[PDB]
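So this first bit is one chain, no partners, the form deposited in one PDB entry, shown in structure tokens.
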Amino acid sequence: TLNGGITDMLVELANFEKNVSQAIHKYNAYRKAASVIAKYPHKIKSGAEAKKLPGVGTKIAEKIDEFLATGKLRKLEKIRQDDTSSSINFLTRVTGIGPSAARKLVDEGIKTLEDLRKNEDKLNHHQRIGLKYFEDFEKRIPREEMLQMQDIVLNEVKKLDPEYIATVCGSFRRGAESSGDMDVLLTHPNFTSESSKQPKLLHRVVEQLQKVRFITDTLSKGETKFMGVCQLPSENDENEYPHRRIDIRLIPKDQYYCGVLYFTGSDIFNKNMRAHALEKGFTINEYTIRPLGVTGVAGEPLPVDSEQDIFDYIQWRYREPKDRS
């Protein structure tokens, strides 16, 4: 890190713009700038120098100036000091609560995790559960806790129907020592693009894992997507395994590749990739890779038979999962 202090600053200012003023364009600018400055190879000494870079203009250079000269930013020390702002900000940390709900709760005097516990009547189900395991949801999952969870998923999945194929993607398939949650791609030959859909295919697995006391809560659930909570076994012991977040997704059999690409990559990697796709004249999805036609229309999906196959369409050095950060 050559310019950590400037980046941290722009990222902090970015969150404030998203979570408090809800100014999406500023949020984007600060994010784009931070990312551009972190790749710059020299130590920045003026805002004038920083301004030469793409994505950083006057408002960001002024801030970088003030930061270099004084070791801080007045705008930010005041943001950190404003109680409505920090409260609005902290509540956004609860899964289910975004900028709107945060600004409505604070507007009504609810600011603390404790106040929240005195006001579940204001919270929808997702938010009540997110409030319930707020602390556990903060804890990161060690890769060892992950491998255990994987066996439980794969094993139960076949017991129900051996034709079921489950793959834990996310940061696991990318080679990480710890992950925020468990992301599992699911496929079954009964679910296919040329079939009349199939909701019962995901419910079965979910109810199954629910029965072994694995899946404990449900935030959201549907035909292709499950978002809930899971937990590992303990017999007579204190500090049972913390409750974990688990996302499950049912993709069509004949589209498994676009599915692993999407549920693996990285929110950042996928963004950068779906950007290229458009450049070359294609539309990458979690389902298909249909090409861009006329002035604004994508047609029939190209056939893929590996992730490698998808990249080659937009001409790229196959990015091995562990590189997709």
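Start at 1 with the first residue shown and count on from there.
Compared against other deposited entries of this protein, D82 counts as consistently modelled, with coordinates in all of those that resolve the residues around it and thus below the third mark. Across the other entries compared, at least a third leave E238 without coordinates even though the residues on each side are present. Look at the mean CA B-factor for 201-209 and for 94-102 in the entry; the higher one is 201-209.
Here the stretch with the larger average CA B-factor, out of 74-82 and 229-237, is 229-237. Out of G57, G47, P41, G299, it is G299 whose C-alpha atom has the highest B-factor in the PDB entry. Ranking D181, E194, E108, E120 by the C-alpha B-factor listed in the PDB entry places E194 at the top. Placement of the Cα temperature factor of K63 within the chain: lowest third of the modelled residues, per the deposited record.
For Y257, the recorded CA B-factor ranks within the highest third of the chain. Only modelled residues enter the ranking.
For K159, the recorded CA temperature factor ranks within the highest third of the chain's modelled residues.
The deposited CA B-factor of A176 belongs to the highest third of values across its chain.
Per the PDB record, residue ranking by Cα B-factor puts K271 in the middle third of the chain.
The protein also exists as the form deposited in another entry; that form is not presented, and the subsequent description refers to it.
Picking from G296, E114, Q81, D267, the hinge for the rigid motion between the shown form and the other one turns out to be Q81.
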